[PDB]
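Single-structure report; data block below.
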Amino acid sequence: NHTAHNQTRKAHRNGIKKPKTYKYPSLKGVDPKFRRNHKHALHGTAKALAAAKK
Amino acid sequence: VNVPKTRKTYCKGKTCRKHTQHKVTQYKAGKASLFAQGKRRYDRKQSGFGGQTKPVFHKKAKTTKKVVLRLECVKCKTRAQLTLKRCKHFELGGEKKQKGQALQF
Amino acid sequence: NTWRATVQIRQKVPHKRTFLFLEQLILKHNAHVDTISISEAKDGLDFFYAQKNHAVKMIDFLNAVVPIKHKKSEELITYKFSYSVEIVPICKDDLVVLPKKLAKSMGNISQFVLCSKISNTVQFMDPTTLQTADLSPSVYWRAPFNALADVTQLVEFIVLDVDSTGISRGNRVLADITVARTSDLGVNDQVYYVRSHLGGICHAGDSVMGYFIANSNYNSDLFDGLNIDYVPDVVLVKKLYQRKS
Amino acid sequence: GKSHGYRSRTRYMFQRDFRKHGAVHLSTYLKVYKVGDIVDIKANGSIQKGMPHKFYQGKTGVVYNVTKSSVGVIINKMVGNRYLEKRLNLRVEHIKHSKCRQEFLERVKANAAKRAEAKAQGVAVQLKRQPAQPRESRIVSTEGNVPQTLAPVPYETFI
RNA sequence: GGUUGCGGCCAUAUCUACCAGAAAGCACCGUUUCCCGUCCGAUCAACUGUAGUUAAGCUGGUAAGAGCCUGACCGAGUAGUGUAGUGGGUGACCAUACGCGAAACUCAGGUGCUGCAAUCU
RNA sequence: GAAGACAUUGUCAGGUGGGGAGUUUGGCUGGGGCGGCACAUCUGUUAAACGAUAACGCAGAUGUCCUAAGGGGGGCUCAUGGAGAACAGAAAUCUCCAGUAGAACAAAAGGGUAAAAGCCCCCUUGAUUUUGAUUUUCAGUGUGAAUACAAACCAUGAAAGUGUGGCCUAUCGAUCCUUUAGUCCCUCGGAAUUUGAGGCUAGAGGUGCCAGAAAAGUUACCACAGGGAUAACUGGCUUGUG
RNA sequence: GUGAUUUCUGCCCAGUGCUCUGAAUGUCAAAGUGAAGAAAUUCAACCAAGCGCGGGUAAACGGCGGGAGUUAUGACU
RNA sequence: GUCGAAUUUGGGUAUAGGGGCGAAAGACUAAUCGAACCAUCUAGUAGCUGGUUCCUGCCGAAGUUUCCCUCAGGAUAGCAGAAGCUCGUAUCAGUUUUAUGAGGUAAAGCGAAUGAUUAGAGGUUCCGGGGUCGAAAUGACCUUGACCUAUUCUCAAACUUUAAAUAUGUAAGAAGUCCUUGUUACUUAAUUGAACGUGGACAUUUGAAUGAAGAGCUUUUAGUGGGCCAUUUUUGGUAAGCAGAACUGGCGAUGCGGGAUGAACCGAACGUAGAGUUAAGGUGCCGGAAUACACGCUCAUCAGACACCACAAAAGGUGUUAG
RNA sequence: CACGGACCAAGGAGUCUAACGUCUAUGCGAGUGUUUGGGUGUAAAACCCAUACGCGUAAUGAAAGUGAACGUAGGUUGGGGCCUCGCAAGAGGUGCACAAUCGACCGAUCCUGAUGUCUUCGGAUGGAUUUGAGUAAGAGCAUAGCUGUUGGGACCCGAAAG
């Protein structure tokens with residue numbers, strides 16, 4: 001009727017993988033002010049490097 | 001029961017956006033609504049033949065009534081609403097929810 | 001596997017009253033001369049009997065003394081007989097509303113009609129107008145519905161003025177009474193000059209218990225079929241008559 | 001039907017340890033959490049707001065966002081046949097800092113310093129730690145004492 | 001080292017009885033116009049270090065007192081328990097081998113450490 | 001001859017109308033039905049230390065009640081026991097001493113709460129508005145509930161902060177259609193104005209068989225395409241001394 | 001509807017049925033009349049039979065208890 | 001059984017299907033009648049029984065989740081192939097270890113906390129659901145609890161200082177550390193913090209073990225959705241091959257050697273042949289193999305002889321042997 | 001002791017279309033498709049051809065409408081390959097598609113409003129943890145084939161009924 005039999009077998013038949021832990025997680029789920037600061041900071045760094053190199 | 005009718009809480013006055021004049025009402029009896037599409041079509045479907053055809057909740061499992069609680073503003077009136085407790089039974093009147101309902105002790 | 005007769009009585013009332021009334025009735029009648037056992041359940045109690053004649057006699061007496069619908073069934077184990085009994089879900093003082101068909105069938109009485117006599121034929125009294133109506137248990141079984149009111153919305157009141165009208169049957173009926181909420185007696189300016197049937201049993205400055213209609217948590221469907229213009233706001237039930245000496 | 005409450009089957013776990021009732025000490029609040037920090041989960045019955053699901057006792061997560069008096073933790077969950085990323089909001093008082101990272105950093109600094117010293121002195125050195133190996137040949141000399149005799153004890157008169 | 005203020009660790013820091021703490025310091029102390037609250041200056045509010053204070057609290061020692069906390073070649077490889085057998089017994093079960101590993105009682109020791117600033121013939 | 005602007009005649013409308021026409025009679029289930037809701041839920045145990053985990057098992061409770069029993073802050077400490085004190089009663093009235101919770105915290109139960117989350121006070125409406133993500137029963141869908149952030153406003157407090165409904169675990173609802181409310185929002189399409197209607201995030205009216213048909217009996221006069229029948233082996237039960 | 005052939009063939013109009021040489025102002029459709037709107041329309045009143053009240057009906061469906069009351073009381077309320 | 005009548009029958013005539021007909025049986029209506037036959041719609045409908053035709057090679061299931069007026073039925077997820085795609089040793093692991101967590105389950109907790117039970121003894125508004133009712137409220141009601149009145153004991157799944165192994169999580173690095181300083185509308189009294197940065201220093205001993213028969217990714221659709229048995233721990237039922245639960249293994253799909261034979265037991269998993277060695281099991285004969293070696297026990301007038309499994313209690317026996 | 005099987009011969013059951021999903025092959029390519037139709041002919045073949053029209057080259061709302069670049073059509077991390085250095089080891093330069101992420105732009109919803117105005121219409125600019133099947137030097141069309149799905153009688157045979 002109700003049983004969790006063979007669930008482990010089904011799970012391990014093909015193997016279990018990690019969520020791939022992609023680096024640079026999306027700014028989703030953090031402070032919007034933090035996101036705005038991040039965008040402004042990266043824009044400023046890009047401007048600074050572009051001015052520096054030529 | 002009782003609900004507040006006029007209050008100084010958040011509204012949309014386009015001039016204040018503060019705790020100021022507020023209004024709310026109760027459900028109003030269903031109009032004849034001859035031009036309304038619903039009963040407009042229901043009348044012809046019923047009058048065709050077979051008598052009653054559209055499914056009807058004959059049994060008394062449902063007995064609920066309606067209330068219309070709204071974020072009304074006397075400045076102007078258009079499509080809007082206010083959310084309150086689930087309306088198993090609600091009405092209008094009260095004037096800031098008094099109805100002699102204060103818990104004296 | 002030696003019962004051979006099961007009698008089961010059920011009702012869907014949170015506060016059973018007719019159950020205890022019939023229990024007191026049968027105890028005073030000493031009808032349990034052959035009751036082999038009694039089983040207790042939260043929704044009611046059941047009886048077991050070994051003699052089919054005794055079981056059918058008991059069910060017939062119960063049917064005669066209280067309105068109930070009965071049904072029989074057989075269980076093969078060898079053979080046993082089981083009985084299912086249903087009683088009217090209306091209590092003594094529960095306000096009840098009826099559809100237009102039953103209303104016109106029972107003398108065109110108002111939907112706002114109370115009850116005052118739980119017996120073989122279920123009685124109905126209109127507080128608005130002194131009039132007695134009666135309904136058949138078979139009619140109720142053919143037309144099942146939920147009761148309009150319950151005993152969970154009772155309100156106490158105090159009567160200040162009583163004025164007669166001149167129409168009564170057996171209890172000085174149809175008297176105007178100035179009823180006020182007991183809760184707000186300290187500070188209030190609202191009262192109800194309502195005509196009720198508790199004329200000869202209520203006096204000035206007495207504590208009564210009744211229903212409430214104005215802003216009570218009332219959520220019926222067929223109630224919408226009755227115009228609000230003819231819906232009384234306050235109706236009484238009984239009084240406390242607290243003893244002093 | 002088996003009811004599935006939010007806090008069902010947790011009567012023993014949703015309790016503070018013995019002789020430590022009352023309000024919590026203030027040390028749990030002063031500690032600082034930042035991105036990359038490794039944290040563990042343990043609830044408490046004094047604070048009822050922002051506490052995680054019963055599935056999350058003794059579970060390790062990573063800090064990825066911090067709010068006023070609240071932090072965010074990323075955990076890995078085994079459902080079906082895949083590992084899913086779960087994000088939880090945890091209050092400060094139900095988070096225990098992990099000393100694993102602390103001692104890891106301590107030993108990282110220690111081995112960095114020893115590598116610098118080895119490079120300074122000019123010869124190579126071994127870095128990787130190794131589990132202890134079995135014993136080495138030794139000589140057991142008994143001059144101040146002598147071996148004695150041991151034998152099994154009979155069960156007679158004692159049974 | 002003595003305090004005082006502000007704390008971290010949360011009984012090694014608690015309860016019962018004594019003992020001691022020289023101008024360095026803790027609290028009483030008396031009073032009510034002003035701000036304040038109740039039935040009242042009992043707490044709180046404010047007012048100044050005189051005529052008196054260490055009988056308080058607090059700070060410490062001791063109790064062949066209670067309790068608590070650290071270890072045990074104390075209680076034991078004990079109870080327990082994972083891996084195995086075509087091991088035994090008709091069973092209830094019991095030993096075996098490769099492992100891991102308890103706890104009440106008893107004994108040993110103690111009745112706080114530490115952070116910043118200021119004051120003390 | 002009798003009768004007459006009456007009947008009858010055609011249409012519409014109300015009532016009566018198993019005489020007849022079509023249908024229906026839930027699900028789980030130690031046969032069915034009855035009884036019950038194990039059909040949506042909640043606490044513990046069942047249930048064997050992540051978690052998940054059966055039974056028509058048991059102890060059991062829900063379809064509510066609250067403008068305060070919510071928000072803020074302030075002061076006070078409860079049951080009980082002892083000592084007492086004209087009328088005082090075993091307990092009513094007032095004080096002191098002990099008292100880590102033996103009371104109380106709406107409801108059932110279990111967690112948590114002692115200069116408070118309790119008792120008493122003064123003030124307020126954050127049970128606000130506009131749109132997301134996450135978490136729980138999960139398919140990573142929704143329904144149900146919670147999480148703390150961001151954008152404005154307010155309450156309380158001296159201030160730090162606290163307040164997005166009930167200290168926490170349950171208290172409840174899609175499509176179609178109907179009723180009144182924001183920028184007086186859009187269209188009614190040959191071109192205009194006004195009634196009217198239909199146009200939109202969110203919000204009532206419900207579906208308890210609770211991811212939601214509109215519903216009463218009998219067949220032994222039966223048919224129908226199928227499945228099950230039936231006493232010879234309990235884990236060795238079985239015969240003589242409650 | 002019983003079923004020839006003798007003696008008797010008791011009582012009861014609560015309810016479901018059936019019927020009425022009674023009053024109406026309750027329920028009230030269509031059409032028509034009134035008000036307001038410029039109108040589409042909403043409401044008001046009157047509104048037939050029946051439904052309702054009352055009367056009759058039981059060789060129509062049907063029913064024919066217990067108690068106080070005095071231990072049995074065809075005394076008996 | 002009646003046979004002179006309500007008798008039988010001829011010929012003609014009437015009544016044709018939801019109709020006729022019926023001295024009434026649900027009888028008859030062309031051998032079909034509780035709705036005739038005929039042909040059309042029609043190849044009606046089926047979640048239901050019954051069949052479904054050449055070979056070989058390769059891979060290899062599930063009887064489980066959620067929902068549905070759903071329990072013989074379907075979609076979602078899971079397995080499998082195929083088509084492959086991106087890289088090709090970079091990245092990981094059903095494992096152990098180092099260190100770090102949480103749990104309250106075994107057992108003896110009772111003079112470190114709470115405590116029944118079945119057995120039924122009273123109490124003066126120190127009190128309660130109510131009864132039928134009630135011209136009242138100075139008004140009658142029957143029964144548990146109102147009240148333990150004066151008292152004993154054990155542990156338990158709803159309780160106690162701790163507290164095991166099996167089982168579960170994270171970490172064990174260059175996507176790093178360190179140094180200087182670049183950015184902002186975040187925050188900070190303060191270039192102080194937060195994040196991300198350029199340049200510079202640290203490559204094989206780059207941060208435990210071992211392993212890797214290449215690693216990762218996408219679309220896809222058949223079947224699947226009634227299990228059983230064994231080991232341990234058990235739940236209800238008095239006990240059961242009864243009803244039901246957790247891990248692993250097996251049958252389902254799986255033959256082979258052995259228990260003479262049993263789907264499940266022990267080994268062992270299989271292309272086609274040769275040689276050798278063995279697993280479990282056996283070595284008097286059937287039956288291949290020592291009527292081997294050695295130690296001691298047993299006389300049964302129903303003996304006795306291989307585990308799951310086809311048998312067993314206590315107790316008695318100058319039977320016997322050893323203590 | 002469940003079902004069918006006396007034997008033998010012959011017949012026999014996943015079929016075709018309308019609509020498409022994935023993959024593959026082919027031609028063309030920001031275009032693509034001759035065959036409804038006309039001319040021509042050895043005559044149901046094949047040969048040649050115009051205007052239209054389907055599909056796509058833009059999404060959006062309820063629509064009235066708007067309409068896709070602040071920059072070598074962007075930044076951050078790897079990436080086969082290519083080039084330079086050096087015989088080797090290796091480093092540096094560039095880095096498509098591809099993978100995550102931060103942007104930017106266009107639409108819907110909610111805010112804020114400048115020269116003007118026919119005085120209340122016009123809606124530039126700048127914002128909003130919102131929302132979209134979008135753009136960011138386009139890829140689809142046409143045919144055929146395997147498989148698969150829906151209605152067709154729909155793998156074959158079968159009723160109690162109307």
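By convention in this document, the chains of the structure tokens carry letters A, B, ... by their order, each chain's residues are numbered from 1, and ligands are numbered from 1 in the order they are shown.
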Mind checking which residues fall within 12 Å of segment 7-23 of chain B, counting only C-alpha atoms (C1' of nucleotides), ignoring those fewer than 2 positions away in the same chain, and posting them as an NGL selection string? (:B and (3-5 or 25-26 or 68-78 or 80-82 or 92-98)) or (:F and (125-126 or 128-130 or 152-155 or 181-183)) or (:I and (111))
Once you count only C-alpha atoms (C1' of nucleotides), which residues of chain B turn out to be within 12 Å of chain G? Could you give them as number ranges by chain? B: 31-35
Using the chain letters and numbers from this document, which residues of chain A does DSSP assign to helix (DSSP H, G or I), as an NGL selection string? :A and (7-13 or 32-52)
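Interface residues of chain H facing chain C, defined by any atom at most 12 Å away and using only C-alpha atoms (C1' of nucleotides), are residues 125, 129, 130, 131, 132, 133, 134, 135, 136, 137, 138, 139, 141, 142 and 143 of chain H.
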Just-selected residues, C-alpha atoms (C1' of nucleotides) written as a PDB file, in the first residue's frame:
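Resulting contents of result00.pdb:
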ATOM      1  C1'   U H 125     -26.011  28.071  48.298  1.00  0.00           C
ATOM      2  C1'   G H 129     -26.322  19.250  32.210  1.00  0.00           C
ATOM      3  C1'   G H 130     -31.013  19.839  32.877  1.00  0.00           C
ATOM      4  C1'   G H 131     -35.856  17.516  32.827  1.00  0.00           C
ATOM      5  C1'   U H 132     -41.521  18.056  31.932  1.00  0.00           C
ATOM      6  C1'   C H 133     -43.054  22.438  32.844  1.00  0.00           C
ATOM      7  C1'   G H 134     -44.439  26.372  34.823  1.00  0.00           C
ATOM      8  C1'   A H 135     -50.568  33.359  35.445  1.00  0.00           C
ATOM      9  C1'   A H 136     -44.138  32.453  38.646  1.00  0.00           C
ATOM     10  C1'   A H 137     -39.836  32.348  41.210  1.00  0.00           C
ATOM     11  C1'   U H 138     -40.890  31.759  48.847  1.00  0.00           C
ATOM     12  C1'   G H 139     -41.393  26.317  42.230  1.00  0.00           C
ATOM     13  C1'   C H 141     -38.237  17.367  39.650  1.00  0.00           C
ATOM     14  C1'   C H 142     -33.460  12.234  38.725  1.00  0.00           C
ATOM     15  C1'   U H 143     -29.168  10.760  37.985  1.00  0.00           C
TER      16        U H 143
END
Given a cut-off of 8 Å, which residues of chain H touch chain D, counting only C-alpha atoms (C1' of nucleotides), written out as a PyMOL selection string? chain H and resi 78+97-102+104+169-171+205+207-208
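With distances restricted to only C-alpha atoms (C1' of nucleotides), E:68 is the closest residue to chain D from E:68, E:30, E:62, E:16.
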Counting only C-alpha atoms (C1' of nucleotides), collect the residues of chain C whose closest atom lies at most 8 Å from chain G, and write them out as a PyMOL selection string. chain C and resi 104+107-108
